[PDB]
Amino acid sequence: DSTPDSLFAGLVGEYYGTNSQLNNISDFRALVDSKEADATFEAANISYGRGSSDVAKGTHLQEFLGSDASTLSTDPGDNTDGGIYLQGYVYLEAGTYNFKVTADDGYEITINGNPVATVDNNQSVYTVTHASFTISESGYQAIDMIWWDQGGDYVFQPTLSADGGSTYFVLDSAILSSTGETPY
């Protein structure tokens, strides 16, 4: 547009809290669409939690975000339910990949507009090995994530494999870009 966006080795993060129930992806997306973010942050190391007693309460969000919490724009007030919306880019070579995500509650990850990892409901801590997807051309791929907590425990760690599920890595500053330019 007319405003420069910060270039960092991470995704652009937004946190939203609510006192309504989050049951599914559409509920969290409606929350995101309903207001300005309760806080913004840089999501440079996307391995959050685990903790207890509601992500949206007290300092639980800070604890959940860990290393990334130092970039919070503000300390949100309490809510019962809450979640994050992350957007930016991830450097991937052409090839085949799959996510394996540990989470409480649900989430959705999309790459180049296509969902590649989805849990459309609340759940206690579970790890799902998602189906494989292909990247046609090497470079920075567009990626967005949503995750939420309806209450209770909370964790979010979406790991990626490039080698058919033999090894997995966290998405972090090695490969993330907020704008699709290279972070130095």
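Residues carry their position along the shown sequence, with the first being 1.
When the C-alpha B-factors of 91-99 and 69-77 are averaged, 91-99 comes out higher. For the pair 133-141 and 34-42, the mean Cα B-factor is higher in 133-141. As recorded in the PDB entry, 162 shows the highest C-alpha B-factor of the residues 22, 171, 162, 9. The PDB entry gives the largest Cα B-factor of the residues 150, 26, 62, 47 to 26.
When the CA B factors of the chain's modelled residues are split into thirds, the value for residue 158 lands in the lowest one. The PDB entry assigns residue 2 a C-alpha temperature factor belonging to the highest third of its chain's modelled residues.
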